[PDB]
Each structure stands twice: as C-alpha cells, then as structure tokens.
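A, B, ... follow the sequence lines: proteins, then strands. Residue 1 opens every chain. Below, all heavy atoms of this structure are taken into account, side chains as well, without hydrogens, waters or symmetry copies.
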Amino acid sequence: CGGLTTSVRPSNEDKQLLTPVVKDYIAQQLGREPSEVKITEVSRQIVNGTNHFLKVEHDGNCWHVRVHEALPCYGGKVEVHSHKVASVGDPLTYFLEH
Amino acid sequence: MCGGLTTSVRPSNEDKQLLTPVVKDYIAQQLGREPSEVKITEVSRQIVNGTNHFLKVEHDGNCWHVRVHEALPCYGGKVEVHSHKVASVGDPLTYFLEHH
Amino acid sequence: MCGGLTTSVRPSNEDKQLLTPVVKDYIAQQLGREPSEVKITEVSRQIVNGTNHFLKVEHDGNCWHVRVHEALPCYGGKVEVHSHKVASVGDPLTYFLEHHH
Amino acid sequence: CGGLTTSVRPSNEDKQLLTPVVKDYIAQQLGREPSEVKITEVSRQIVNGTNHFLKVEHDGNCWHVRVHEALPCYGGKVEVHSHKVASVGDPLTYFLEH
Amino acid sequence: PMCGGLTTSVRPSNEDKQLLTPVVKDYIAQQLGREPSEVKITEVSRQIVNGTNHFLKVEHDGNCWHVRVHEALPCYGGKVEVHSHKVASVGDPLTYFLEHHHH
Amino acid sequence: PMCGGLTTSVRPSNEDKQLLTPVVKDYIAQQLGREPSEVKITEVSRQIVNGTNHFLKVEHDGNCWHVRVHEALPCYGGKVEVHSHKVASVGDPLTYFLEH
Amino acid sequence: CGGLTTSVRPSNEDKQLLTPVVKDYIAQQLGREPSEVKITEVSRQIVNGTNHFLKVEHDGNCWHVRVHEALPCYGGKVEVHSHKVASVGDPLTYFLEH
Amino acid sequence: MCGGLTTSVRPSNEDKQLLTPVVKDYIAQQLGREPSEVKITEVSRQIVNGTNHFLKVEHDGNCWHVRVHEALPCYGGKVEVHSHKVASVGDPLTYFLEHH
C-alpha cells in the first residue's frame, strides 16, 4: 500500500516540478541561486491522509508541528513534516517551514 | 472545496496517545536530547489528497533526492518541498523522509 | 486490502434516493421506454480509488475514445474498459460516458 | 473537481499496460481481432468514489447494475457503468459486462 | 498447546450473530450460487490463534502452484495445515490470496 | 501502521523446507490422487497471524454446515473471513476441523 | 496498539510479582541489598515483536547483542536491549546482561 | 516450545540493512568512538509477545524508573528488567530506554 511507481525520466513533469526545487528551496538554505538543475529521475506516490497541525509545549518552549498520517490503504505511516517556533498566543494555522 | 482546516481544539486522549510519541521522538532528534515535559495543547486537522513526487536532482555537480507534495486542486492545489537528502547518482530513488 | 464488497443489504432510503433516478434513466434508455416499477432489492458497496485513463485509439482507419479504469493495487488493481465511443482524429479527448443500446 | 490532465502522447509504460486491455475489448466488440491498435493520446483523471452493485427488479425482469458515485471533491457524478441480466436468487457480486 | 484450545460450544450472543451472520450468509450464497432464505448460527466455539501464514511457490512435475499454509505457534497448538492453492506461473508474483472455489 | 503485511519473498531456509515440504507433498497427493515425483518450494513469503478462529454451526434452508471464520485483531487489520466449511448433521458436535 | 496506559498505583498483584524482581536487580546493580523498596507508580505497554540475537565482530572484538524489533502496529521501534562480550566460538543463545 | 530461538544463520541483506545501523550507533555510544568495520556474522530470532511495565521505584531514599518486561505465558512467561534510569520523584513515568 502507498507504493512508488517505477522511476522514469521526467517528461512535461519538468515544467511543473523544476521551478519549486530551484526556487526558494535550495535557493533558500543551501546557499543562494543554483546554477544547473536537470532532474533526471521521477517516481510518484499517490497519498491520501490527514495533516495534524499541533501546538506543542515542551520544557517551556512552544512549537507548531505538522504531522502527516497516511490512511491505512496508503501505507499508514505517521511522520513529522515540519515545525516552527511559535508563541503561545499565535493561532494554529496551516504552515510549512523549511 | 476540500482541504480546509478544522477549528483548533484541545486534543482528545486518543489524539495524545497517537501523536505524542511521534512528536516526542522528533523533538529529541532535533534538539539532541529527550524532552522532559511534552504537552499537545491544540490540534487542527486537514484532509489531504495528492501525490508525492520523489525526484533525483543534479545541481552544480551535487545530487539530492527531493520529496515534493502536490495537493489536488480540490484539496487546495499547493505544491511544496517536504524533504531532501544528499545522495549519490547511483543510489536508488526510494521513499524517504529526512529531518534537518 | 481495500476495495472488497460489503455484505448485501436491503437499501436504505438514502440509497434509494441517490440510486433510483440514475437506474431508472438507464433502464429507459436501454429498453427504449420508461419502466413502470423499479425496485432496488439489494445493494453492496465497494470503495474505489484509482485513475481513469481516457484514450484516443486508432485501429484499421477508425478512431475510438476509450475510458479505461485502473484501480490502485490496494483497491484490487483491476484494469478494465468502462466505455468507448466512435470519434474522429480531430475530436478533443474529454470526459465521456457512452451507453450503446 | 475531478478534472482531466493535459493530453499527452502515451509513455512506454502506458502502452504496455493499456494496449492489451484495449485490444481485447475491441476484438470482443467487433467480433474479430484488429490488426493495428495504437493509443495516440491519453488524459488522466484521479477518481475516488464508491461502486454500488444493485439488484434491481423492473417490470418483471431482474438486472444487476453497477453504479459509480464519485465523491464530491472528485466531481460528484453518479453513473451506471454496466448491467447484466440476473436471476432473483443470484448472489450480488463484483461484475463487468460489456 | 498451553494456548489455542477451543472454548465450550455455546449458543451465540447477539454480538456474535451481528458480526458473523452476514459474512456466513454471503459465503453460502457464493458457494451455492444462490442466496439462502434463512441463515441461523446455532452454536459457536472460539480459538485464539497466534502463528504465521506461509505463501509458497511450489513446483511439482512441471507445474507451479501457489499454496497457503497456516502454522500455529507450538504454544498455540502447533498445527501446520494447507488452506488452499491456486495454479500459477513461475513468473507470477507470490502474493496474498484466499481461494474459495465459489460456484 | 497495521500489521499482517507479507514479508519480502525469499528462497526457503532449510527449516522452512523441513517443516513445509511434507505438508505440501501430502496435500498435492490428495488433490491429484497420486503422489508427485518432484516437489520443490522455490519461494516463500510470510504473514503474521494474531486473531481468533470462530467455529460455527449454521443452519440454512434445512441444511447444516460447520464453518470456520477467522477474525484478525484490530491492529492486524480486523478482517473477518471464512476459511472453510463442511456439511454436518445437526446432531454432530462442533469441533476443530479443516476441510479441503 | 503499543501506547502506554495512564500511570496508576500498583495493584497488590503488581507489588507481589514485581517487587522481588526489582529488589534483586537493585541489589546486583549496587552490590548490596536495599532495605526499603516501594513501587509507587506503574504504566503498562503491550508489545508484540521479535528479539534478534546477533553475533557481531567489530575491530577484532566479538559481542553478542540483543536487538528488539516491535511490530509496525506496536510502534516499529528497533532498539538494543543488551550486549555481552563473547568469544567467536561461543554459541549464540538467549541472554540478558546487566 | 514457548518463545524458542530459531536456528542461527548468516544474516540476510534485509537483516543487515535493518540491524547494522542500530548496532553501530550502540557500539559507538558504549565505547565513545565510532567503529570502522561492523559485521553481523550470525542471527537468531525469537518471537515475543508481552507487556512492558514502567515503574517508579523508591529505594532507600533514591528514585529510579525501571522497565520490566513480562512475556505472556505462551511466550515463555519470563520477567526481566530491561533498563533503569535515575529519576526525580516529580518526573513523569514515560517510555524510556537507558544505555548509560
């Protein structure tokens, strides 16, 4: 359940994907302004599940945490996908922090 | 239409049992030591249907595997990188999740 | 793992309200006349997650559009044609569902 | 919701998976095996929903009917995908009749 | 065999009837090729089972079968039994199956 | 996640061959009505089982079957499936059975 | 499965079964018998899994190592529970070294 | 019979992939230095179902948390301490594994 397709070379896929990878991610953290980006291999996984956004207090600090839980028929994995430092009074909203 | 967040609430006991161990382990690995007190005070849920694209990417003589999530349009349509790891060109492209 | 059928039951009122109009119209078109009594006596459900592939297919100088369903492996993995229609090469490949008789 | 992807020419994987299934279907529809079968264009739609298998009595006849209901976020369409003549005593099982 | 003995046969509870009756009814229908009218469970006996199902590819005299063997752990009674088979190819993947030979 | 997935296929160990070969050989012999000449197990994949077998006496339309239903624990997928049945008389004791 | 129950005071059965085992362990760890030993709180975790007993050679030394692997539905943790220095010729048997 | 070990064998590639990193990290922490070559030469498996009892124990004015494993009767019934740590009386009793 939740398996990856056989790796292939990208086709149109390049136009959709390449830009995000080049942009802020890698451009931000990892130095700045990457030169050469080609991809070369792509593999897809269909995922249905739920994101749990959590406010967590630990030892006098406060994080927001994004935990992904895949449905059982999509592999059932539970993983943290990101966190950010927050204040107690901050609203718990959708976020992605690199 | 879909993919909105539920109103933030205090977690149930079931929520705490499922989520706390996973969060606790993540904090421990991020900080390099186990936390003493860990309390989930608020939870909000979002249904997500989409696809993860696992990519082998060569950039300026380096090779990364990158995990990019694409939500379906009716689940908000967001496209985001969720993780990367340094890899060798010969490494198989498999499922991964790499933290910091 | 998923994609099995539930045990057959007599339909609820919700089932009858959702399904009856669609079935009635289908029978009418198949037989060329509206039926008088239509009664759903048993229902069994299957969750399906997969992809529809809409295909333009050329064979011996004819062109069909073909709707092929592919269930995910954990929903049974079946690959099946669900309908076809005669088309021309210049027709756009769009969503369709074609009943023949 | 439930929209089709941009048309592309089929990949080698597409041709390997889909061509045999289509070829067999054409053969059965026409009553003879075709000589050339070529998929020239493909467009994909992700679907989640439920198949309802129904026993239906109408005007002294009995059919099994396969009705697909897409979830609202996958377009919400409700459609008959096939039927077969059945006896009242037949078990209601998975089927596809062309 | 410390564990894995059968309980004393009793009349089923309402919970038993609700869980098991639909499943049995559907199985009978598929076995006979016709839906039964009345289906009643009159007696139940229960066994705890811990063990492993082995799916096997087995080649014999130029034929290939996939075979489902259940092995209970020794302290659950230790029985090793074939439940079913299907004819397969050498090239077929060895996957989960359960074959009833319905009508 | 839930348990009761299949392990990766392997060639059988010597322990596997010793335990399983006799049982399979006998089963083939009974199915075909003659002992096979060559029997080799070439590949094996395992699934953990944790649950309960329900042995049932069932009356349906004036016939009587004994039915063996397996119920996996919730954390092993929760499936309830019939594994076998036999024709019985109404007066027969309900005991352990396996009918091919 | 595999979460910890809410902490409670130990039952009389808990005290009778577990106190001697804990007392003996403390005695061996400290090299002298304790006077007073009291269990004040207990939290329980059901675990199903497998112990892997390993003979491991590293840099000209040989250890036996006991690694516990919980089933996926019991949390999937893989942890070393003990080790002992051994010779290459020693049989690999069940052990627990404190 | 109950909770017996399998016959020792050379590890499979799956065994090496799962177990080697965990063992390597443990050795590193025990010795204070990462080993160069780590090789698993033999493996034996024991299937175990039971319960971990996490205990807060006060003994002669000191406070330990203790992890005691109890195997079910049909898995051998053994009761063993698997680890302890020094704790404060106010510490929450949570899952732990202490190597020191």
Rounded distance [0.5 Å steps], CG in B/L93 versus CD in A/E41: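 Going from the CG atom of B/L93 to the CD atom of A/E41 covers 5.5 Å.
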
Quick check on the interface: out of [options], who has the most heavy-atom pairs with chain B under 4.5 Å?
options                    : result
A/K77, A/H68, A/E69        : A/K77
A/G49, A/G2, A/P10         : A/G49
A/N48, A/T50, A/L71        : A/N48
A/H81, A/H64, A/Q29, A/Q16 : A/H81

Partner set under salt bridge (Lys or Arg N to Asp or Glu O under 4.0 Å) for A/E13, not counting sequence neighbours: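 Checked A/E13 against salt bridge (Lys or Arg N to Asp or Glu O under 4.0 Å); matches are A/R44.
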
Polar side-chain atom of A/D59 near backbone of B/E37 as donor-acceptor pair, under 3.5 Å: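 Such a contact is found between A/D59 side chain and B/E37 backbone.
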
With a 4.5 angstrom heavy-atom cut-off, could you sort out which part of [X] is near chain A: side chain, backbone, both or neither?
X     : result
B/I40 : both
B/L97 : side chain
B/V79 : side chain
B/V48 : both

Residue pair B/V23, A/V67: steps toward the side chain to side chain contact (heavy atoms under 4.5 Å, CB included) verdict: CA-CA 8 Å; B/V23 169; A/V67 179; 4.0 Å; yes

Would you check if [X] and [Y] make a side-chain contact, meaning some heavy-atom pair closer than 4.5 Å?
X     : Y     : answer
B/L55 : A/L17 : yes
B/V81 : A/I26 : no
B/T94 : A/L4  : no
A/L30 : B/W64 : yes

Option in [options] with maximal non-hydrogen atom pairs under 4.5 Å from chain A:
options                     : answer
B/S83, B/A71, B/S8          : B/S8
B/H99, B/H59, B/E80, B/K24  : B/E80
B/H100, B/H53, B/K39, B/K56 : B/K56

Portion of A/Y25 that has a non-hydrogen atom of chain B nearer than 4.5 angstrom: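 Side chain only.
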
